[PDB]
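Here is the file target-v9.pdb (PDB, C-alpha atoms and all ligand atoms).
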```pdb
MODEL        1
ATOM      1  CA  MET A   1     -31.340 -96.086 -28.448
ATOM      2  CA  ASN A   2     -32.640 -99.174 -26.574
ATOM      3  CA  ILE A   3     -32.423-101.982 -29.160
ATOM      4  CA  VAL A   4     -32.888-105.751 -29.248
ATOM      5  CA  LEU A   5     -31.498-107.817 -32.108
ATOM      6  CA  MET A   6     -33.098-111.087 -32.689
ATOM      7  CA  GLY A   7     -32.856-113.787 -35.300
ATOM      8  CA  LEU A   8     -32.484-117.512 -35.569
ATOM      9  CA  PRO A   9     -29.088-119.047 -34.889
ATOM     10  CA  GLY A  10     -26.669-117.862 -37.611
ATOM     11  CA  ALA A  11     -28.733-114.912 -38.769
ATOM     12  CA  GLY A  12     -25.774-112.562 -38.289
ATOM     13  CA  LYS A  13     -26.690-110.822 -35.021
ATOM     14  CA  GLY A  14     -23.051-110.610 -33.806
ATOM     15  CA  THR A  15     -21.887-109.342 -37.259
ATOM     16  CA  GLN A  16     -24.520-106.592 -37.233
ATOM     17  CA  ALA A  17     -23.969-105.791 -33.500
ATOM     18  CA  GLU A  18     -20.312-105.036 -34.137
ATOM     19  CA  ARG A  19     -21.321-102.454 -36.762
ATOM     20  CA  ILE A  20     -24.080-100.945 -34.585
ATOM     21  CA  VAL A  21     -21.555-100.598 -31.762
ATOM     22  CA  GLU A  22     -18.888 -98.951 -33.842
ATOM     23  CA  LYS A  23     -21.392 -96.451 -35.304
ATOM     24  CA  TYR A  24     -23.617 -95.481 -32.391
ATOM     25  CA  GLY A  25     -21.408 -96.259 -29.325
ATOM     26  CA  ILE A  26     -24.079 -98.131 -27.330
ATOM     27  CA  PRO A  27     -22.937-101.114 -25.310
ATOM     28  CA  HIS A  28     -23.246-104.622 -26.877
ATOM     29  CA  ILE A  29     -24.808-107.040 -24.406
ATOM     30  CA  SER A  30     -24.504-110.539 -25.755
ATOM     31  CA  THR A  31     -25.727-113.393 -23.698
ATOM     32  CA  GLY A  32     -23.881-115.851 -25.900
ATOM     33  CA  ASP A  33     -20.621-113.947 -25.206
ATOM     34  CA  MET A  34     -21.305-113.694 -21.480
ATOM     35  CA  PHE A  35     -21.999-117.421 -21.235
ATOM     36  CA  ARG A  36     -18.907-118.333 -23.259
ATOM     37  CA  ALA A  37     -16.759-116.115 -20.981
ATOM     38  CA  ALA A  38     -18.230-117.845 -17.859
ATOM     39  CA  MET A  39     -17.646-121.281 -19.472
ATOM     40  CA  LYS A  40     -14.042-120.454 -20.316
ATOM     41  CA  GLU A  41     -13.345-119.209 -16.761
ATOM     42  CA  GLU A  42     -15.138-122.270 -15.353
ATOM     43  CA  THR A  43     -17.192-120.258 -12.918
ATOM     44  CA  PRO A  44     -20.215-121.872 -11.154
ATOM     45  CA  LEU A  45     -22.505-119.934 -13.512
ATOM     46  CA  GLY A  46     -20.364-121.144 -16.435
ATOM     47  CA  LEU A  47     -20.538-124.807 -15.456
ATOM     48  CA  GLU A  48     -24.286-124.565 -14.959
ATOM     49  CA  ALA A  49     -24.779-122.966 -18.443
ATOM     50  CA  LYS A  50     -22.443-125.384 -20.197
ATOM     51  CA  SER A  51     -24.712-128.431 -19.911
ATOM     52  CA  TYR A  52     -27.360-126.560 -21.845
ATOM     53  CA  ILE A  53     -25.125-124.803 -24.333
ATOM     54  CA  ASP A  54     -23.255-127.908 -25.332
ATOM     55  CA  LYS A  55     -26.604-129.561 -26.280
ATOM     56  CA  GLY A  56     -27.875-126.523 -28.174
ATOM     57  CA  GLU A  57     -30.501-125.858 -25.494
ATOM     58  CA  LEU A  58     -31.460-122.618 -23.847
ATOM     59  CA  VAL A  59     -29.973-121.802 -20.462
ATOM     60  CA  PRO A  60     -32.780-121.579 -17.900
ATOM     61  CA  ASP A  61     -34.588-118.266 -17.577
ATOM     62  CA  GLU A  62     -33.758-117.834 -13.918
ATOM     63  CA  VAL A  63     -29.999-117.383 -14.300
ATOM     64  CA  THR A  64     -30.289-115.657 -17.693
ATOM     65  CA  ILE A  65     -32.677-112.986 -16.613
ATOM     66  CA  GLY A  66     -30.637-112.322 -13.512
ATOM     67  CA  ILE A  67     -27.327-111.890 -15.412
ATOM     68  CA  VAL A  68     -28.948-109.558 -17.930
ATOM     69  CA  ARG A  69     -30.834-107.556 -15.272
ATOM     70  CA  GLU A  70     -27.753-106.487 -13.667
ATOM     71  CA  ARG A  71     -25.630-106.134 -16.726
ATOM     72  CA  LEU A  72     -28.131-103.548 -17.519
ATOM     73  CA  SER A  73     -27.464-102.348 -13.803
ATOM     74  CA  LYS A  74     -24.827-100.035 -15.313
ATOM     75  CA  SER A  75     -24.011 -96.565 -16.108
ATOM     76  CA  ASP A  76     -22.809 -97.478 -19.605
ATOM     77  CA  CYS A  77     -26.442 -98.405 -20.426
ATOM     78  CA  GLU A  78     -27.886 -94.900 -19.886
ATOM     79  CA  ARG A  79     -26.972 -93.976 -23.529
ATOM     80  CA  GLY A  80     -28.988 -96.943 -24.563
ATOM     81  CA  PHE A  81     -27.941-100.508 -25.217
ATOM     82  CA  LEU A  82     -27.827-103.290 -27.779
ATOM     83  CA  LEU A  83     -29.158-106.620 -26.540
ATOM     84  CA  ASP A  84     -27.941-109.466 -28.763
ATOM     85  CA  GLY A  85     -29.527-112.873 -28.148
ATOM     86  CA  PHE A  86     -31.813-111.813 -25.324
ATOM     87  CA  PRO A  87     -34.693-112.157 -24.975
ATOM     88  CA  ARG A  88     -35.370-115.376 -26.671
ATOM     89  CA  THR A  89     -38.503-116.519 -25.021
ATOM     90  CA  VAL A  90     -41.687-114.717 -24.215
ATOM     91  CA  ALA A  91     -41.008-115.173 -20.482
ATOM     92  CA  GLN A  92     -37.612-113.487 -20.963
ATOM     93  CA  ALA A  93     -39.269-110.675 -22.901
ATOM     94  CA  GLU A  94     -41.918-110.181 -20.281
ATOM     95  CA  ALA A  95     -39.353-110.012 -17.508
ATOM     96  CA  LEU A  96     -37.355-107.515 -19.565
ATOM     97  CA  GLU A  97     -40.517-105.377 -20.259
ATOM     98  CA  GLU A  98     -41.159-105.055 -16.494
ATOM     99  CA  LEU A  99     -37.547-104.372 -15.632
ATOM    100  CA  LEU A 100     -37.192-101.741 -18.279
ATOM    101  CA  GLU A 101     -40.480 -99.986 -17.361
ATOM    102  CA  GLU A 102     -39.126 -99.696 -13.812
ATOM    103  CA  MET A 103     -35.693 -98.611 -15.071
ATOM    104  CA  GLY A 104     -37.170 -95.896 -17.349
ATOM    105  CA  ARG A 105     -35.488 -97.552 -20.366
ATOM    106  CA  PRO A 106     -38.095 -99.191 -22.547
ATOM    107  CA  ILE A 107     -37.171-100.855 -25.942
ATOM    108  CA  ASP A 108     -37.297 -98.580 -29.018
ATOM    109  CA  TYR A 109     -37.037-101.370 -31.645
ATOM    110  CA  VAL A 110     -36.693-105.093 -31.828
ATOM    111  CA  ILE A 111     -34.856-105.757 -35.173
ATOM    112  CA  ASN A 112     -35.520-109.241 -36.391
ATOM    113  CA  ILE A 113     -32.987-110.444 -38.983
ATOM    114  CA  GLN A 114     -34.764-112.846 -41.352
ATOM    115  CA  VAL A 115     -32.721-115.581 -43.187
ATOM    116  CA  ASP A 116     -33.913-118.785 -44.816
ATOM    117  CA  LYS A 117     -33.219-121.853 -42.681
ATOM    118  CA  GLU A 118     -31.047-123.567 -45.437
ATOM    119  CA  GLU A 119     -28.746-120.614 -45.374
ATOM    120  CA  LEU A 120     -28.740-120.495 -41.580
ATOM    121  CA  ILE A 121     -27.473-124.053 -41.455
ATOM    122  CA  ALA A 122     -24.771-123.201 -43.987
ATOM    123  CA  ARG A 123     -23.777-120.070 -42.042
ATOM    124  CA  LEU A 124     -23.223-121.974 -38.795
ATOM    125  CA  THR A 125     -21.659-125.143 -40.094
ATOM    126  CA  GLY A 126     -19.250-123.166 -42.339
ATOM    127  CA  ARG A 127     -18.251-120.571 -39.735
ATOM    128  CA  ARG A 128     -14.554-120.635 -38.774
ATOM    129  CA  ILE A 129     -13.056-118.485 -35.979
ATOM    130  CA  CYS A 130      -9.394-117.551 -35.544
ATOM    131  CA  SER A 131      -7.849-119.258 -32.458
ATOM    132  CA  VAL A 132      -5.468-116.357 -32.143
ATOM    133  CA  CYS A 133      -7.530-113.167 -32.549
ATOM    134  CA  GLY A 134     -11.145-114.345 -32.629
ATOM    135  CA  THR A 135     -11.954-113.028 -36.108
ATOM    136  CA  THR A 136     -14.826-114.744 -37.782
ATOM    137  CA  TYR A 137     -14.640-116.125 -41.301
ATOM    138  CA  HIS A 138     -16.928-118.322 -43.389
ATOM    139  CA  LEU A 139     -15.804-121.118 -45.697
ATOM    140  CA  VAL A 140     -17.979-119.831 -48.572
ATOM    141  CA  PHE A 141     -19.240-116.369 -47.656
ATOM    142  CA  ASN A 142     -16.070-114.802 -46.267
ATOM    143  CA  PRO A 143     -13.199-117.155 -46.760
ATOM    144  CA  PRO A 144      -9.619-116.621 -45.584
ATOM    145  CA  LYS A 145      -6.916-115.973 -48.185
ATOM    146  CA  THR A 146      -5.487-119.386 -47.291
ATOM    147  CA  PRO A 147      -7.861-122.123 -46.214
ATOM    148  CA  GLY A 148      -7.875-122.893 -42.531
ATOM    149  CA  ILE A 149      -5.671-119.935 -41.597
ATOM    150  CA  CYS A 150      -6.290-116.303 -40.434
ATOM    151  CA  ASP A 151      -5.198-113.484 -42.780
ATOM    152  CA  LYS A 152      -4.048-111.291 -39.892
ATOM    153  CA  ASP A 153      -1.805-113.570 -37.839
ATOM    154  CA  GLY A 154      -1.490-116.976 -39.509
ATOM    155  CA  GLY A 155      -3.582-118.564 -36.755
ATOM    156  CA  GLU A 156      -5.499-121.827 -37.148
ATOM    157  CA  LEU A 157      -9.170-121.422 -37.718
ATOM    158  CA  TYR A 158     -11.558-123.664 -35.793
ATOM    159  CA  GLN A 159     -15.196-124.537 -35.833
ATOM    160  CA  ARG A 160     -17.127-123.540 -32.655
ATOM    161  CA  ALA A 161     -18.064-126.480 -30.473
ATOM    162  CA  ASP A 162     -21.823-125.907 -30.966
ATOM    163  CA  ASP A 163     -21.557-125.389 -34.793
ATOM    164  CA  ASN A 164     -21.459-129.101 -35.853
ATOM    165  CA  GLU A 165     -24.488-130.243 -37.838
ATOM    166  CA  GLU A 166     -26.333-132.100 -35.056
ATOM    167  CA  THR A 167     -26.001-129.264 -32.521
ATOM    168  CA  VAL A 168     -26.994-126.694 -35.181
ATOM    169  CA  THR A 169     -30.145-128.741 -35.906
ATOM    170  CA  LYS A 170     -31.090-128.735 -32.227
ATOM    171  CA  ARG A 171     -30.380-125.003 -31.894
ATOM    172  CA  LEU A 172     -32.670-124.241 -34.846
ATOM    173  CA  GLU A 173     -35.413-126.452 -33.530
ATOM    174  CA  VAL A 174     -35.276-124.936 -30.088
ATOM    175  CA  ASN A 175     -35.120-121.349 -31.268
ATOM    176  CA  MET A 176     -37.767-121.753 -34.056
ATOM    177  CA  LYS A 177     -40.216-122.917 -31.389
ATOM    178  CA  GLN A 178     -39.580-119.986 -29.059
ATOM    179  CA  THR A 179     -39.310-117.365 -31.788
ATOM    180  CA  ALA A 180     -42.873-117.803 -33.037
ATOM    181  CA  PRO A 181     -44.658-116.457 -29.953
ATOM    182  CA  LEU A 182     -41.839-113.933 -29.199
ATOM    183  CA  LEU A 183     -42.308-112.190 -32.486
ATOM    184  CA  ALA A 184     -46.095-112.009 -31.834
ATOM    185  CA  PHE A 185     -45.333-110.419 -28.501
ATOM    186  CA  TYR A 186     -43.136-107.690 -29.904
ATOM    187  CA  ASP A 187     -45.408-107.061 -32.849
ATOM    188  CA  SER A 188     -48.319-106.447 -30.426
ATOM    189  CA  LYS A 189     -46.115-103.892 -28.742
ATOM    190  CA  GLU A 190     -45.483-102.261 -32.105
ATOM    191  CA  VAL A 191     -41.650-102.328 -31.666
ATOM    192  CA  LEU A 192     -40.817-105.165 -34.155
ATOM    193  CA  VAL A 193     -39.117-104.370 -37.432
ATOM    194  CA  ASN A 194     -37.966-107.060 -39.834
ATOM    195  CA  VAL A 195     -34.829-106.873 -41.913
ATOM    196  CA  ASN A 196     -33.679-109.111 -44.717
ATOM    197  CA  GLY A 197     -30.467-110.771 -43.439
ATOM    198  CA  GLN A 198     -29.646-112.467 -46.803
ATOM    199  CA  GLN A 199     -27.756-109.546 -48.291
ATOM    200  CA  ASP A 200     -24.100-108.764 -48.046
ATOM    201  CA  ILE A 201     -23.106-107.549 -44.566
ATOM    202  CA  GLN A 202     -22.859-103.859 -45.587
ATOM    203  CA  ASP A 203     -26.368-103.944 -47.131
ATOM    204  CA  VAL A 204     -27.957-105.548 -44.070
ATOM    205  CA  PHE A 205     -26.332-102.869 -41.986
ATOM    206  CA  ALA A 206     -27.599-100.208 -44.376
ATOM    207  CA  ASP A 207     -31.150-101.308 -43.602
ATOM    208  CA  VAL A 208     -30.387-101.263 -39.863
ATOM    209  CA  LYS A 209     -29.136 -97.696 -40.240
ATOM    210  CA  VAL A 210     -32.406 -96.538 -41.748
ATOM    211  CA  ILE A 211     -34.255 -97.946 -38.772
ATOM    212  CA  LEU A 212     -31.855 -96.418 -36.136
ATOM    213  CA  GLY A 213     -31.165 -93.106 -37.932
ATOM    214  CA  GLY A 214     -34.190 -91.594 -36.389
ATOM    215  CA  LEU A 215     -32.894 -92.431 -32.863
ATOM    216  CA  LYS A 216     -29.522 -90.705 -33.161
TER     217      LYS A 216
HETATM  218  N1  LIG B   1     -31.256-115.347 -23.833
HETATM  219  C1  LIG B   1     -30.752-116.618 -23.736
HETATM  220  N2  LIG B   1     -31.362-117.570 -22.977
HETATM  221  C2  LIG B   1     -30.914-118.838 -22.833
HETATM  222  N3  LIG B   1     -29.806-119.333 -23.338
HETATM  223  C3  LIG B   1     -29.114-118.487 -24.135
HETATM  224  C4  LIG B   1     -29.520-117.079 -24.332
HETATM  225  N4  LIG B   1     -28.593-116.530 -25.150
HETATM  226  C5  LIG B   1     -27.695-117.474 -25.402
HETATM  227  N5  LIG B   1     -28.014-118.641 -24.827
HETATM  228  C6  LIG B   1     -27.276-119.894 -24.877
HETATM  229  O1  LIG B   1     -26.006-119.621 -25.433
HETATM  230  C7  LIG B   1     -25.887-120.392 -26.638
HETATM  231  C8  LIG B   1     -25.092-119.587 -27.682
HETATM  232  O2  LIG B   1     -25.859-118.424 -27.888
HETATM  233  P1  LIG B   1     -26.002-117.673 -29.342
HETATM  234  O3  LIG B   1     -24.580-117.432 -29.856
HETATM  235  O4  LIG B   1     -26.658-116.378 -28.926
HETATM  236  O5  LIG B   1     -26.577-118.570 -30.477
HETATM  237  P2  LIG B   1     -27.107-117.945 -31.894
HETATM  238  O6  LIG B   1     -28.368-117.101 -31.854
HETATM  239  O7  LIG B   1     -27.267-119.370 -32.262
HETATM  240  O8  LIG B   1     -26.378-117.712 -33.399
HETATM  241  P3  LIG B   1     -24.889-117.296 -33.322
HETATM  242  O9  LIG B   1     -25.066-116.339 -32.206
HETATM  243  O10 LIG B   1     -24.031-118.515 -33.244
HETATM  244  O11 LIG B   1     -24.519-116.447 -34.609
HETATM  245  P4  LIG B   1     -24.854-114.924 -35.001
HETATM  246  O12 LIG B   1     -26.268-114.943 -35.415
HETATM  247  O13 LIG B   1     -24.321-113.937 -34.057
HETATM  248  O14 LIG B   1     -24.024-114.993 -36.386
HETATM  249  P5  LIG B   1     -22.603-114.419 -36.812
HETATM  250  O15 LIG B   1     -22.828-112.950 -36.849
HETATM  251  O16 LIG B   1     -21.471-115.075 -36.105
HETATM  252  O17 LIG B   1     -22.578-114.997 -38.327
HETATM  253  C9  LIG B   1     -22.778-116.385 -38.561
HETATM  254  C10 LIG B   1     -21.906-116.775 -39.695
HETATM  255  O18 LIG B   1     -22.437-116.201 -40.910
HETATM  256  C11 LIG B   1     -21.502-115.304 -41.492
HETATM  257  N6  LIG B   1     -22.295-114.118 -41.848
HETATM  258  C12 LIG B   1     -22.817-113.187 -41.044
HETATM  259  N7  LIG B   1     -23.534-112.277 -41.755
HETATM  260  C13 LIG B   1     -23.508-112.708 -43.037
HETATM  261  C14 LIG B   1     -24.084-112.196 -44.283
HETATM  262  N8  LIG B   1     -24.792-111.090 -44.260
HETATM  263  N9  LIG B   1     -23.807-112.885 -45.420
HETATM  264  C15 LIG B   1     -23.043-114.002 -45.412
HETATM  265  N10 LIG B   1     -22.479-114.550 -44.296
HETATM  266  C16 LIG B   1     -22.682-113.893 -43.111
HETATM  267  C17 LIG B   1     -20.450-115.003 -40.449
HETATM  268  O19 LIG B   1     -19.224-114.739 -41.103
HETATM  269  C18 LIG B   1     -20.431-116.288 -39.634
HETATM  270  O20 LIG B   1     -19.585-117.241 -40.298
HETATM  271  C19 LIG B   1     -27.343-120.653 -27.089
HETATM  272  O21 LIG B   1     -27.366-121.725 -28.040
HETATM  273  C20 LIG B   1     -27.963-120.924 -25.761
HETATM  274  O22 LIG B   1     -27.504-122.229 -25.317
HETATM  275 ZN    ZN B   2      -6.500-114.140 -36.345
ENDMDL
END
```
Represent the structure contained in this file as structure tokens.
Ligand SMILES: Nc1ncnc2c1ncn2[C@@H]1O[C@H](COP(=O)(O)OP(=O)(O)OP(=O)(O)OP(=O)(O)OP(=O)(O)OC[C@H]2O[C@@H](n3cnc4c(N)ncnc43)[C@H](O)[C@@H]2O)[C@@H](O)[C@H]1O
Ligand SMILES: [Zn+2]
Amino acid sequence: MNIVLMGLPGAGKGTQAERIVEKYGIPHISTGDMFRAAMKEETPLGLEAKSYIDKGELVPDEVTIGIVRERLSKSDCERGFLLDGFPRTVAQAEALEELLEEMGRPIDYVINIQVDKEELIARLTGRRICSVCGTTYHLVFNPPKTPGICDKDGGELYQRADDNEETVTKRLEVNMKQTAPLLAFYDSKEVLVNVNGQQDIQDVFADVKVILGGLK
């Protein structure tokens, strides 16, 4: 099961990836996670990515492709894999198509999670993450028992640095522009499948399961 999740910022890719992971046991390769790890450790790759991430811009293709190429250089990815947030440009997708052809591991499905932009903005600006355990909540859609605090550990919830309104607006603008031709690319390859992301989490995942059930 060689799967790409795509969707505009806030579409719920990470939420669905966690479920896909737990059910099918394929590795979750998240560029967003990998960049945030590098940023937090202040590595040279981290500091390079940060200038872009903090503005809501894409990290250049050169470094991104190269970190993904080799993440996929691993024995855990022979089962299959779940790419979350890569590719997000046609040039990324074309690099990935080549690499995977050579690797014998071409993409089965690209699952595109579709959510109205108004809701996307609400999802991102209202997201709150536990500073203690990393659990994600949402002010409206999945609120804590006590506002501002994690149910599990009493930890303070915070808003991610790139989830303020102005950075969200930039992130949507950047990704809307790149998503248009990327979807055309994967549709021409006949691997694109759309899913309605504006359902409860369990129902979105139910639709994902129908798609992937055939690849168990
Ligand atoms: N390939 C690449 N090339 C270049 N640069 C790259 C790159 N990949 C990354 N980058 C760089 O790294 C940066 C960060 O990357 P990235 O994190 O990949 O940005 P993303 O696509 O903007 O959107 P998020 O990933 O923030 O959210 P998500 O869609 O996973 O949503 P979640 O599941 O949390 O859910 C969102 C919220 O909604 C809630 N929620 C989720 N599902 C539902 C639902 N079904 N109903 C109600 N609420 C829900 C959640 O609780 C949560 O509060 C990029 O901006 C770019 O700078
Ligand atoms: Zn917590």
Test item: residues lying within 6 Å of ligand LIG 1 (chain B) with all atoms listed in the file, as number ranges by chain: A: 8-15, 31-32, 52-53, 56-60, 64, 85-88, 123-124, 127, 136-138, 141, 171, 197-201
Which residue, A:204, A:151, A:178, A:185, has the smallest gap to ligand ZN 2 (chain B) when you use only C-alpha atoms and all ligand atoms?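 Result for the nearest residue to ligand ZN 2 (chain B): A:151.
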As an mmCIF file with C-alpha atoms, in the frame of the given file, please: every protein or nucleic acid residue near ligand ZN 2 (chain B) (cut-off 7 Å, counting all atoms listed in the file).
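And here is the file that came out, selection_5.cif:
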```cif
data_model
loop_
_atom_site.group_PDB
_atom_site.id
_atom_site.type_symbol
_atom_site.label_atom_id
_atom_site.label_comp_id
_atom_site.auth_asym_id
_atom_site.auth_seq_id
_atom_site.Cartn_x
_atom_site.Cartn_y
_atom_site.Cartn_z
ATOM 1 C CA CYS A 130 -9.394 -117.551 -35.544
ATOM 2 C CA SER A 131 -7.849 -119.258 -32.458
ATOM 3 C CA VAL A 132 -5.468 -116.357 -32.143
ATOM 4 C CA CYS A 133 -7.530 -113.167 -32.549
ATOM 5 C CA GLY A 134 -11.145 -114.345 -32.629
ATOM 6 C CA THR A 135 -11.954 -113.028 -36.108
ATOM 7 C CA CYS A 150 -6.290 -116.303 -40.434
ATOM 8 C CA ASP A 151 -5.198 -113.484 -42.780
ATOM 9 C CA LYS A 152 -4.048 -111.291 -39.892
ATOM 10 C CA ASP A 153 -1.805 -113.570 -37.839
ATOM 11 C CA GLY A 154 -1.490 -116.976 -39.509
ATOM 12 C CA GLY A 155 -3.582 -118.564 -36.755
#
```
Enumerate, as a compact mmCIF listing (two decimals) with C-alpha atoms, keeping the file's coordinate frame, the residues matched when the PyMOL selection byres (((chain A and resi 192) around 10) and not hetatm) is run on the file above.
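Below you can see part35.txt, which holds the result:
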```
# COMPACT_ATOMS: atom_id res chain seq x y z
CA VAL A 4 -32.89 -105.75 -29.25
CA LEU A 5 -31.50 -107.82 -32.11
CA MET A 6 -33.10 -111.09 -32.69
CA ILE A 107 -37.17 -100.86 -25.94
CA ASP A 108 -37.30 -98.58 -29.02
CA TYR A 109 -37.04 -101.37 -31.64
CA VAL A 110 -36.69 -105.09 -31.83
CA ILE A 111 -34.86 -105.76 -35.17
CA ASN A 112 -35.52 -109.24 -36.39
CA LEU A 183 -42.31 -112.19 -32.49
CA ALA A 184 -46.10 -112.01 -31.83
CA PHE A 185 -45.33 -110.42 -28.50
CA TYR A 186 -43.14 -107.69 -29.90
CA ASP A 187 -45.41 -107.06 -32.85
CA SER A 188 -48.32 -106.45 -30.43
CA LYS A 189 -46.12 -103.89 -28.74
CA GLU A 190 -45.48 -102.26 -32.10
CA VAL A 191 -41.65 -102.33 -31.67
CA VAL A 193 -39.12 -104.37 -37.43
CA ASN A 194 -37.97 -107.06 -39.83
CA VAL A 195 -34.83 -106.87 -41.91
```
Rank nothing, just name the residue among A:196, A:167, A:23, A:89 nearest to residue 114 in chain A, using all atoms listed in the file. A:196
I'd like the contact shell of residue 68 in chain A - 12 Å cut-off, all atoms listed in the file, skipping same-chain residues fewer than 4 positions apart - returned as an NGL selection string. :A and (28-35 or 61-64 or 72-74 or 77 or 81-87 or 92-93 or 95-96 or 99-100)
In terms of the shortest atom-to-atom distance over only C-alpha atoms, which of A:179, A:169, A:158, A:21 is closest to residue 79 in chain A?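 Of all the options, A:21 lies closest to residue 79 in chain A.
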Coordinates-based distance that separates CA of residue 20 in chain A from CA of residue 205 in chain A (Å, one decimal): 8.0 Å
Adding 5 Å on each side of the box along x, y and z that holds all listed atoms of range 125-129 of chain A, could you give its centre and edge lengths in Å to one decimal, as AutoDock Vina command-line options?
```
--center_x -17.4 --center_y -121.8 --center_z -39.2 --size_x 18.6 --size_y 16.7 --size_z 16.4
```
Could you name the residues that touch residue 168 in chain A at 9 Å or less, counting only C-alpha atoms, but leaving out those on the same chain fewer than 4 positions away, as a JSON list (two decimals) with C-alpha atoms, in the coordinates of the input?
```json
[["chain", "number", "residue", "atom", "x", "y", "z"],
["A", 9, "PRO", "CA", -29.09, -119.05, -34.89],
["A", 56, "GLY", "CA", -27.88, -126.52, -28.17],
["A", 121, "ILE", "CA", -27.47, -124.05, -41.46],
["A", 124, "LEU", "CA", -23.22, -121.97, -38.80],
["A", 125, "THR", "CA", -21.66, -125.14, -40.09],
["A", 162, "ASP", "CA", -21.82, -125.91, -30.97],
["A", 163, "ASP", "CA", -21.56, -125.39, -34.79],
["A", 164, "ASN", "CA", -21.46, -129.10, -35.85],
["A", 172, "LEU", "CA", -32.67, -124.24, -34.85],
["A", 173, "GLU", "CA", -35.41, -126.45, -33.53]]
```
Distance CA of residue 102 in chain A-CA of residue 69 in chain A, one decimal place?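 So the answer is 11.5 Å.
Atom pair CA of residue 80 in chain A / CA of residue 25 in chain A: separated by 9.0 Å.
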Starting from the displayed file, determine the output of the PyMOL selection byres (((chain A and resi 50) around 9) and not hetatm) and express the residue list as a ChimeraX atom specification. /A:35-36,38-39,45-49,51-55,59
Nearest candidate to residue 161 in chain A (options A:177, A:105, A:209, A:128; using only C-alpha atoms): A:128
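Among the candidates A:157, A:78, A:24, A:118, the residue lying nearest to residue 106 in chain A is A:78 (atoms considered: only C-alpha atoms).
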Generate the coordinates of N, CA and C atoms for range 116-130 of chain A; report them as a PDB file, in the frame of the given file.
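Final file, result10.pdb:
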```pdb
ATOM      1  N   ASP A 116     -33.395-117.454 -44.565  1.00  0.00           N
ATOM      2  CA  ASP A 116     -33.913-118.785 -44.816  1.00  0.00           C
ATOM      3  C   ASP A 116     -33.110-119.838 -44.032  1.00  0.00           C
ATOM      4  N   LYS A 117     -33.815-120.823 -43.511  1.00  0.00           N
ATOM      5  CA  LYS A 117     -33.219-121.853 -42.681  1.00  0.00           C
ATOM      6  C   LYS A 117     -32.029-122.588 -43.380  1.00  0.00           C
ATOM      7  N   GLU A 118     -32.108-122.851 -44.683  1.00  0.00           N
ATOM      8  CA  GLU A 118     -31.047-123.567 -45.437  1.00  0.00           C
ATOM      9  C   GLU A 118     -29.761-122.754 -45.325  1.00  0.00           C
ATOM     10  N   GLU A 119     -29.896-121.448 -45.486  1.00  0.00           N
ATOM     11  CA  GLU A 119     -28.746-120.614 -45.374  1.00  0.00           C
ATOM     12  C   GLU A 119     -28.271-120.553 -43.916  1.00  0.00           C
ATOM     13  N   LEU A 120     -29.165-120.452 -42.951  1.00  0.00           N
ATOM     14  CA  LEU A 120     -28.740-120.495 -41.580  1.00  0.00           C
ATOM     15  C   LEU A 120     -27.856-121.685 -41.257  1.00  0.00           C
ATOM     16  N   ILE A 121     -28.277-122.866 -41.706  1.00  0.00           N
ATOM     17  CA  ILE A 121     -27.473-124.053 -41.455  1.00  0.00           C
ATOM     18  C   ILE A 121     -26.092-123.935 -42.099  1.00  0.00           C
ATOM     19  N   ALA A 122     -26.054-123.473 -43.322  1.00  0.00           N
ATOM     20  CA  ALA A 122     -24.771-123.201 -43.987  1.00  0.00           C
ATOM     21  C   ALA A 122     -23.893-122.165 -43.256  1.00  0.00           C
ATOM     22  N   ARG A 123     -24.528-121.133 -42.735  1.00  0.00           N
ATOM     23  CA  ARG A 123     -23.777-120.070 -42.042  1.00  0.00           C
ATOM     24  C   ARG A 123     -23.052-120.645 -40.800  1.00  0.00           C
ATOM     25  N   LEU A 124     -23.763-121.449 -40.041  1.00  0.00           N
ATOM     26  CA  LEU A 124     -23.223-121.974 -38.795  1.00  0.00           C
ATOM     27  C   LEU A 124     -22.217-123.078 -39.078  1.00  0.00           C
ATOM     28  N   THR A 125     -22.552-124.019 -39.952  1.00  0.00           N
ATOM     29  CA  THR A 125     -21.659-125.143 -40.094  1.00  0.00           C
ATOM     30  C   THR A 125     -20.358-124.713 -40.811  1.00  0.00           C
ATOM     31  N   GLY A 126     -20.412-123.639 -41.605  1.00  0.00           N
ATOM     32  CA  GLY A 126     -19.250-123.166 -42.339  1.00  0.00           C
ATOM     33  C   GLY A 126     -18.491-122.041 -41.649  1.00  0.00           C
ATOM     34  N   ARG A 127     -18.905-121.663 -40.447  1.00  0.00           N
ATOM     35  CA  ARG A 127     -18.251-120.571 -39.735  1.00  0.00           C
ATOM     36  C   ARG A 127     -16.943-121.118 -39.227  1.00  0.00           C
ATOM     37  N   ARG A 128     -15.899-120.299 -39.282  1.00  0.00           N
ATOM     38  CA  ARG A 128     -14.554-120.635 -38.774  1.00  0.00           C
ATOM     39  C   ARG A 128     -14.049-119.390 -38.046  1.00  0.00           C
ATOM     40  N   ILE A 129     -13.466-119.568 -36.868  1.00  0.00           N
ATOM     41  CA  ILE A 129     -13.056-118.485 -35.979  1.00  0.00           C
ATOM     42  C   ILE A 129     -11.557-118.611 -35.745  1.00  0.00           C
ATOM     43  N   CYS A 130     -10.846-117.500 -35.779  1.00  0.00           N
ATOM     44  CA  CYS A 130      -9.394-117.551 -35.544  1.00  0.00           C
ATOM     45  C   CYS A 130      -9.088-117.862 -34.078  1.00  0.00           C
TER      46      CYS A 130
END
```
